[PDB]
Each structure stands twice: as structure tokens, then as C-alpha cells.
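> Got a structure for you, questions after.
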Amino acid sequence: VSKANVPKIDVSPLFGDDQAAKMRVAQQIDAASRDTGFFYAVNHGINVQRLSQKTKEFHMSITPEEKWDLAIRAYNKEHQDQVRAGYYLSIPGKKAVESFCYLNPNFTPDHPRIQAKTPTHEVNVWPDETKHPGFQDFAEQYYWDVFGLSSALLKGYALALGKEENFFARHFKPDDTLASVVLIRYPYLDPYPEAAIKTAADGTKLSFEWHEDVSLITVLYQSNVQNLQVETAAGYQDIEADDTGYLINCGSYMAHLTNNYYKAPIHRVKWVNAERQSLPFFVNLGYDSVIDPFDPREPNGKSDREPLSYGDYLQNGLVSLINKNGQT
Ligand SMILES: [Fe+2]
């Protein structure tokens with residue numbers, strides 16, 4: 001099994017005002033997006049040491065009582081309004097992974113999309129502050145930190161495609177973004193439950209099957225345990241781990257609006273019996289955001305693809321992924 005070419009790109013010029021340096025970053029984003037579809041963002045300015053430590057303290061401290069109280073509707077029939085946000089329980093002996101998902105901290109009972117009961121908008125649920133001091137403060141702060149990095153990355157993607165730098169970022173707003181953070185724990189278990197291991201067609205043991213992401217882009221921090229593979233025409237290739245950088249890839253909304261010029265790479269998660277963390281940020285736009293598709297391959301950029309509202313795209317995509325790859 002070969003290793004994927006995943007370049008490390010210094011994204012720090014995207015926070016600055018040297019326009020030529022920004023173009024040089026854009027070229028590297030373009031090149032990576034047209035090859036395997038993955039790159040590492042380095043020199044990003046986020047304290048990922050604190051991110052991993054605070055996430056670890058939470059996963060290891062939370063009790064079954066608290067998990068039921070935070071559980072999404074798939075695990076707790078009483079929580080009909082928690083489809084996305086909350087705790088995704090493991091099932092001892094059956095399901096190893098567990099995770100906590102939260103949404104835009106600005107979605108409050110007072111927020112107009114919450115008042116209108118608009119699908120995919122939810123109010124976050126949090127553990128008790130006395131049992132997990134500082135956890136909510138940390139997590140909300142982290143959302144805005146990775147929002148900022150993601151904004152900058154979106155300027156690079158715009159420039160790479162020949163657009164003005166706010167082409168995507170103008171739709172990525174703190175008041176209405178549907179972006180989510182998921183804090184995923186993959187545990188060490190001995191014996192490891194066989195029901196939690198999937199066998200791929202090629203024989204590889206997996207934790208999560210092939211998929212394209214439901215996102216515009218995905219901005220991922222993982223601890224230093226190799227697990228991801230990306231599909232190429234010549235088969236799956238291993239993505240090397242790097243626990244100082246963020247792993248970036250496009251989701252299927254980018255593939256839609258570029259007429260597949262930037263594909264959403266198909267990837268899967270190998271089974272590895274090791275304690276590790278996977279902390280994705282899914283860059284989603286607003287419910288009513290619409291970007292007119294274009295084809296960068298054509299001089300006039302003409303595309304026949306229908307514009308797709310981000311809210312409709314997200315509603316269909318999240319359900320489809322659950323149906324295909326299982327309730328996480
Ligand atoms: Fe993914």
C-alpha cells in the first residue's frame with residue numbers, strides 16, 4: 001500500500017496583505033486539490049496542544065449519566081430537537097467510537113432561525129460547568145479560532161479558482177454558519193469488539209467506510225496515529241499523520257459548484273487499536289447560501305449545473321451519510 005502525496009502548505013500569507021504571496025499559496029492549494037485532494041495547513045496559529053488536552057479531559061471525565069443527558073435523538077427519544085448537536089454514545093461490546101458535536105455558538109433560543117424552527121439549526125447542549133469547568137468556554141473559543149483559519153483557507157480556494165478572495169468567504173458568516181465541530185474519541189480496547197470493525201472489499205479492516213464529506217471544505221485535527229486513506233485510480237493510499245498541522249480536503253458542495261474540477265476525495269478510516277482523537281470542523285455556509293456553479297475548465301466558465309441551496313444540500317447529505325455508513 002503506497003503513501004499519498006500530501007503537501008504541507010504554509011498558509012500564513014492568507015492572513016496578510018502580500019497579494020503575490022497569497023497567490024503562491026493559492027497555486028499550492030490548486031495543485032493539491034487537483035492531485036489527491038488533501039493537504040496539510042501549517043503555520044496556522046492555533047494552539048492544538050490545548051485543543052487536544054482539553055478534549056481528552058472531557059472524553060475521559062464524562063459519566064454515563066451525563067452522556068444520556070447530552071445524547072442526540074438517536075440514543076435518547078426524549079431529545080427530539082437534538083439531531084446534530086450533542087453526545088453520540090459508544091455501545092460497549094458493539095460500537096467503539098463516541099463523539100460530541102456542537103454548532104454555531106450564536107444559535108440561541110433568541111436566534112431568528114431557531115425561532116423559525118429552520119431545519120439543521122439547533123441550540124448547543126453542554127455539560128454542567130461544575131463537573132467540566134472551562135470546557136464550554138474552551139470549545140466556543142475554539143469554534144471561532146478554527147472559523148478564522150477556515151475563512152483564510154477559503155480566500156486561498158477562491159484565488160486558486162480565479163475568483164476574488166471573498167468569493168466563498170462572503171457566505172461564511174458568524175451569524176448564520178451551519179459549520180460544526182465534532183470531538184471524536186477512538187478508544188483503545190482489548191478485546192476490540194468485532195462488530196465495530198468493517199471489512200473493505202479489498203480486505204482492509206476499517207473503522208469507517210468510504211465516503212465523500214458533506215461540507216464545503218473539512219478542516220481536521222487528528223492526533224499522531226496513522227489511519228486515513230484516500231482513493232485514487234490505482235487504489236487506496238495512506239495519508240501520513242501530522243499532529244501539528246490541519247488536514248484539509250474539499251467536500252461534495254465544492255465538487256458541485258466547480259463541476260468536479262475540485263473533486264471531493266473519497267476517503268476511509270482504517271481500524272487501528274490505539275487511543276486517538278479526531279477533531280473535524282465542517283465548513284458549512286448559511287441555510288440560504290447559494291453559489292452559482294461554474295466550470296473553471298471553460299473560458300466563459302459556463303456550467304449547466306443547477307444552483308443548490310446550502311441548507312437543502314446539508315439536510316440531504318447528512319441523512320444520506322447516516323444511511324450509507326451508519327449512525328455514528
Ligand atoms: Fe470524511
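Ligands are numbered from 1 in the order shown, residues from 1 within each chain, and chains are lettered A, B, ... in the order they appear in the C-alpha cells.
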List the neighbours of segment 311-318 of chain A out to 7 Å using only C-alpha atoms; skip same-chain residues closer than 2 positions along the sequence, and give me the result as a list in words.
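Contacts, with the query itself left out: residues 120, 214, 286, 287, 288, 308, 309, 320, 321 and 322 of chain A.
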> What residues have any atom no more than 10 Å from ligand 1 when counting only C-alpha atoms and all ligand atoms, and can you list them as a list in words?
residues 208, 209, 210, 211, 212, 213, 214, 215, 218, 220, 228, 230, 249, 250, 251, 264, 265, 266, 267, 268, 269, 280 and 282 of chain A
> Find the spatial neighbours of segment 55-71 of chain A, counting only C-alpha atoms, within a cut-off of 8 Å - ignore same-chain residues fewer than 2 positions away - and output them as a PyMOL selection string.
chain A and resi 51-53+73-76+79+82+86-89+125-127+132+135+183+185+277
> I need the residues from that last selection saved to file as a PDB file, in the first residue's frame (with N, CA, C and O atoms), if you can.

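New file part22.pdb:
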ATOM      1  N   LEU A  51      -6.072  22.344  22.541  1.00  0.00           N
ATOM      2  CA  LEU A  51      -7.227  21.664  21.953  1.00  0.00           C
ATOM      3  C   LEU A  51      -7.253  20.184  22.336  1.00  0.00           C
ATOM      4  O   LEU A  51      -8.266  19.654  22.812  1.00  0.00           O
ATOM      5  N   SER A  52      -6.140  19.497  22.121  1.00  0.00           N
ATOM      6  CA  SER A  52      -6.105  18.056  22.372  1.00  0.00           C
ATOM      7  C   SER A  52      -6.177  17.756  23.863  1.00  0.00           C
ATOM      8  O   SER A  52      -6.825  16.779  24.282  1.00  0.00           O
ATOM      9  N   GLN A  53      -5.537  18.580  24.695  1.00  0.00           N
ATOM     10  CA  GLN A  53      -5.561  18.283  26.120  1.00  0.00           C
ATOM     11  C   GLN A  53      -6.960  18.479  26.687  1.00  0.00           C
ATOM     12  O   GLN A  53      -7.431  17.662  27.492  1.00  0.00           O
ATOM     13  N   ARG A  73     -30.926  12.476  19.582  1.00  0.00           N
ATOM     14  CA  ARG A  73     -32.186  11.745  19.483  1.00  0.00           C
ATOM     15  C   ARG A  73     -32.000  10.272  19.130  1.00  0.00           C
ATOM     16  O   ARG A  73     -32.850   9.440  19.496  1.00  0.00           O
ATOM     17  N   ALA A  74     -30.933   9.917  18.403  1.00  0.00           N
ATOM     18  CA  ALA A  74     -30.717   8.519  18.046  1.00  0.00           C
ATOM     19  C   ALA A  74     -30.498   7.636  19.264  1.00  0.00           C
ATOM     20  O   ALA A  74     -30.713   6.424  19.179  1.00  0.00           O
ATOM     21  N   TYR A  75     -30.097   8.220  20.384  1.00  0.00           N
ATOM     22  CA  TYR A  75     -29.791   7.494  21.600  1.00  0.00           C
ATOM     23  C   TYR A  75     -30.727   7.835  22.752  1.00  0.00           C
ATOM     24  O   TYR A  75     -30.681   7.157  23.790  1.00  0.00           O
ATOM     25  N   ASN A  76     -31.580   8.843  22.592  1.00  0.00           N
ATOM     26  CA  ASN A  76     -32.454   9.315  23.661  1.00  0.00           C
ATOM     27  C   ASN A  76     -33.709   9.882  23.007  1.00  0.00           C
ATOM     28  O   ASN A  76     -33.675  11.000  22.472  1.00  0.00           O
ATOM     29  N   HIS A  79     -35.045  13.573  23.356  1.00  0.00           N
ATOM     30  CA  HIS A  79     -34.321  14.721  22.819  1.00  0.00           C
ATOM     31  C   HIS A  79     -34.636  14.910  21.334  1.00  0.00           C
ATOM     32  O   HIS A  79     -33.784  14.846  20.455  1.00  0.00           O
ATOM     33  N   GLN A  82     -32.599  17.388  19.176  1.00  0.00           N
ATOM     34  CA  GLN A  82     -31.161  17.202  19.041  1.00  0.00           C
ATOM     35  C   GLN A  82     -30.929  16.140  17.981  1.00  0.00           C
ATOM     36  O   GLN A  82     -30.825  14.946  18.280  1.00  0.00           O
ATOM     37  N   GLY A  86     -24.930  17.313  20.242  1.00  0.00           N
ATOM     38  CA  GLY A  86     -24.951  16.582  21.485  1.00  0.00           C
ATOM     39  C   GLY A  86     -23.983  15.413  21.444  1.00  0.00           C
ATOM     40  O   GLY A  86     -23.049  15.377  20.646  1.00  0.00           O
ATOM     41  N   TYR A  87     -24.236  14.445  22.324  1.00  0.00           N
ATOM     42  CA  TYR A  87     -23.342  13.314  22.526  1.00  0.00           C
ATOM     43  C   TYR A  87     -23.796  12.105  21.716  1.00  0.00           C
ATOM     44  O   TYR A  87     -24.984  11.776  21.685  1.00  0.00           O
ATOM     45  N   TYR A  88     -22.821  11.427  21.083  1.00  0.00           N
ATOM     46  CA  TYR A  88     -23.029  10.263  20.229  1.00  0.00           C
ATOM     47  C   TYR A  88     -22.375   9.110  20.985  1.00  0.00           C
ATOM     48  O   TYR A  88     -21.151   9.007  21.033  1.00  0.00           O
ATOM     49  N   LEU A  89     -23.190   8.292  21.640  1.00  0.00           N
ATOM     50  CA  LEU A  89     -22.665   7.327  22.600  1.00  0.00           C
ATOM     51  C   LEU A  89     -21.977   6.145  21.918  1.00  0.00           C
ATOM     52  O   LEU A  89     -22.399   5.681  20.863  1.00  0.00           O
ATOM     53  N   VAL A 125     -26.094  21.866  23.388  1.00  0.00           N
ATOM     54  CA  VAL A 125     -26.208  21.364  24.748  1.00  0.00           C
ATOM     55  C   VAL A 125     -24.812  21.198  25.317  1.00  0.00           C
ATOM     56  O   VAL A 125     -23.884  20.780  24.611  1.00  0.00           O
ATOM     57  N   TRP A 126     -24.666  21.536  26.591  1.00  0.00           N
ATOM     58  CA  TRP A 126     -23.376  21.479  27.254  1.00  0.00           C
ATOM     59  C   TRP A 126     -23.459  20.733  28.575  1.00  0.00           C
ATOM     60  O   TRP A 126     -24.497  20.742  29.260  1.00  0.00           O
ATOM     61  N   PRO A 127     -22.353  20.124  28.993  1.00  0.00           N
ATOM     62  CA  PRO A 127     -22.298  19.522  30.329  1.00  0.00           C
ATOM     63  C   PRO A 127     -22.359  20.578  31.425  1.00  0.00           C
ATOM     64  O   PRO A 127     -22.238  21.778  31.187  1.00  0.00           O
ATOM     65  N   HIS A 132     -17.325  20.035  34.585  1.00  0.00           N
ATOM     66  CA  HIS A 132     -16.377  20.223  33.489  1.00  0.00           C
ATOM     67  C   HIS A 132     -16.013  21.697  33.405  1.00  0.00           C
ATOM     68  O   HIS A 132     -16.358  22.387  32.440  1.00  0.00           O
ATOM     69  N   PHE A 135     -14.883  23.953  30.116  1.00  0.00           N
ATOM     70  CA  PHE A 135     -14.979  23.202  28.874  1.00  0.00           C
ATOM     71  C   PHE A 135     -15.765  23.977  27.824  1.00  0.00           C
ATOM     72  O   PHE A 135     -15.318  24.112  26.683  1.00  0.00           O
ATOM     73  N   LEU A 183     -15.974  16.345  18.303  1.00  0.00           N
ATOM     74  CA  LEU A 183     -14.869  15.899  19.139  1.00  0.00           C
ATOM     75  C   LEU A 183     -14.988  14.386  19.236  1.00  0.00           C
ATOM     76  O   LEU A 183     -15.822  13.882  19.994  1.00  0.00           O
ATOM     77  N   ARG A 185     -13.653  10.527  19.902  1.00  0.00           N
ATOM     78  CA  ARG A 185     -12.749   9.642  20.619  1.00  0.00           C
ATOM     79  C   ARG A 185     -12.781   8.281  19.939  1.00  0.00           C
ATOM     80  O   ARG A 185     -13.843   7.650  19.856  1.00  0.00           O
ATOM     81  N   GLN A 277      -7.624  10.818  18.864  1.00  0.00           N
ATOM     82  CA  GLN A 277      -8.623  11.871  18.729  1.00  0.00           C
ATOM     83  C   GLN A 277      -8.742  12.282  17.279  1.00  0.00           C
ATOM     84  O   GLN A 277      -7.749  12.320  16.551  1.00  0.00           O
TER      85      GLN A 277
END
> Env of residue 204 of chain A: 12 Å cut, atoms = only C-alpha atoms, seq-sep filter 2 positions within chain, self excluded. Answer as a VMD selection string.
chain A and resid 1 197 to 202 206 to 210 227 to 229 235 to 238 268 to 272
> Using DSSP secondary structure from the backbone, list all helix (DSSP H, G or I) positions within segment 180-301 of chain A, as a list in words.
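So the helix (DSSP H, G or I) residues in segment 180-301 of chain A would be residues 194, 195, 196, 252, 253, 254, 255, 256 and 257 of chain A.
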> May I ask which of the residues A:42, A:217, A:97, A:225 is the closest one to residue 248 of chain A, counting only C-alpha atoms?
A:217
> Write out as a compact mmCIF listing (two decimals) with C-alpha atoms, in the first residue's frame which residues come within 12 Å of residue 26 of chain A when counting only C-alpha atoms, dropping same-chain ones fewer than 6 positions away.

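To be explicit, this is the file written out as selection-v6.txt:
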# COMPACT_ATOMS: atom_id res chain seq x y z
CA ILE A 9 1.41 24.33 2.83
CA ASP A 10 2.36 27.39 4.86
CA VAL A 11 -0.98 29.24 4.95
CA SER A 12 0.28 32.21 6.97
CA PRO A 13 0.31 34.59 3.94
CA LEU A 14 -3.50 34.18 3.74
CA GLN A 19 -1.04 39.67 -2.56
CA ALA A 20 1.65 37.84 -4.56
CA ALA A 32 -3.11 19.66 -4.09
CA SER A 33 -6.84 19.88 -4.89
CA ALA A 152 -8.44 32.38 5.43
CA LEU A 153 -8.35 28.99 3.70
CA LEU A 154 -11.49 29.94 1.75
CA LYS A 155 -9.66 33.01 0.42
CA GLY A 156 -6.96 30.69 -0.89
CA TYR A 157 -9.51 28.43 -2.57
CA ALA A 158 -11.17 31.43 -4.22
CA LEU A 159 -7.89 32.78 -5.57
CA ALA A 160 -6.91 29.28 -6.77
CA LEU A 161 -10.04 29.15 -8.89
CA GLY A 162 -9.50 32.62 -10.39
CA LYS A 163 -12.09 34.42 -8.23
CA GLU A 164 -11.82 37.40 -5.91
CA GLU A 165 -10.74 36.32 -2.47
> What does the distance between atom CA of residue 302 of chain A and atom CA of residue 255 of chain A come to in Å, to one decimal place?
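Taking atom CA of residue 302 of chain A and atom CA of residue 255 of chain A, their separation equals 15.1 Å.
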> Record the distance separating atom CA of residue 91 of chain A and atom CA of residue 142 of chain A, expressed in Å with one decimal.
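According to the coordinates, atom CA of residue 91 of chain A and atom CA of residue 142 of chain A are separated by 28.1 Å.
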> Go through segment 72-319 of chain A and collect every residue that DSSP, computed from the backbone, puts in strand (DSSP E); the answer should be as a PyMOL selection string.
chain A and resi 86-88+98-102+180-186+198-199+205-211+217-222+228-232+235-238+246-250+267-270+276-283
> When you look at residue 304 of chain A with a cut-off of 12 Å (counting only C-alpha atoms), what residues show up, excluding the ones that are within fewer than 2 positions of it in the same chain? I need them as an MDAnalysis selection string.
chainID A and resid 256:259 292:295 298 301:302 306:307
> List the spatial neighbours of residue 188 of chain A as a PyMOL selection string - criterion: any atom at most 6 Å away, only C-alpha atoms, same-chain residues fewer than 2 positions off excluded.
chain A and resi 273-275
> May I ask which of the residues A:244, A:5, A:104, A:150 is the closest one to residue 39 of chain A, counting only C-alpha atoms?
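Going through A:244, A:5, A:104, A:150 one by one, the smallest distance to residue 39 of chain A is for A:5.
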> Find the residue from A:177, A:189, A:242, A:262 that sits nearest to residue 8 of chain A; use only C-alpha atoms when measuring.
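Smallest separation from residue 8 of chain A among the options: A:242.
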> Tell me which of A:175, A:78, A:145, A:128 sits closest to residue 105 of chain A, counting only C-alpha atoms.
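Among the listed residues, A:175 lies closest to residue 105 of chain A.
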> In Å to one decimal, how far is atom CA of residue 221 of chain A from atom CA of residue 36 of chain A?
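About the pair atom CA of residue 36 of chain A and atom CA of residue 221 of chain A: they are 18.4 Å apart.
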